[PDB]
Amino acid sequence: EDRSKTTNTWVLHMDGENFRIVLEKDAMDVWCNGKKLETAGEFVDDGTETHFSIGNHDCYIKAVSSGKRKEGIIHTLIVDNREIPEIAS
């Protein structure tokens, strides 16, 4: 309730840099270092996979419809098919 669309942030250490990813759930739009990047929302026998790429690295936000209700979607960033947990700052 109220804070239901609460955003997820991830950090990616790649090519000696650190990139912050923030998914805005309000628009399903993804900020990388505060600039939005291009996205495609693929649908799978799992949930949704919002695909994008940063340099040579392909990325997708897995949005798993793990909840039995129409809500309770688990959001995770995957990069190079490895799983990236949200920040713990």
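Final position of the sequence shown in the UniProt record's numbering is 179; the numbers increase by one with none missing. Here a beta-carbon is modelled for each residue, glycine too, at the ideal position from N, C-alpha and C.
Closer than 6 Å: residue i CB and nearest the ligand MN heavy atom
{"i": "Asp-105", "result": "The ligand MN is not part of the structure shown, which contains no ligands of any sort."}
Nearest-angstrom Cα separation, counted from residue j out to residue i
{"i": "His-141", "j": "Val-169", "result": "10 Å"}
{"i": "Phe-133", "j": "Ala-153", "result": "10 Å"}
{"i": "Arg-159", "j": "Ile-174", "result": "25 Å"}
{"i": "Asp-116", "j": "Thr-97", "result": "8 Å"}
{"i": "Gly-137", "j": "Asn-171", "result": "16 Å"}
{"i": "residue 195", "j": "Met-104", "result": "For residue 195 there is no data in the structure shown, the boundaries of the chain being 91 and 179."}
{"i": "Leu-102", "j": "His-147", "result": "11 Å"}
{"i": "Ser-155", "j": "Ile-163", "result": "4 Å"}
Simplified DSSP assignment, three categories, for residue i
{"i": "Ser-143", "result": "strand"}
{"i": "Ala-178", "result": "coil"}
{"i": "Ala-117", "result": "coil"}
{"i": "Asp-170", "result": "coil"}
CB of residue i within 7 Å of CB of residue j, strictly
{"i": "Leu-113", "j": "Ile-144", "result": "no"}
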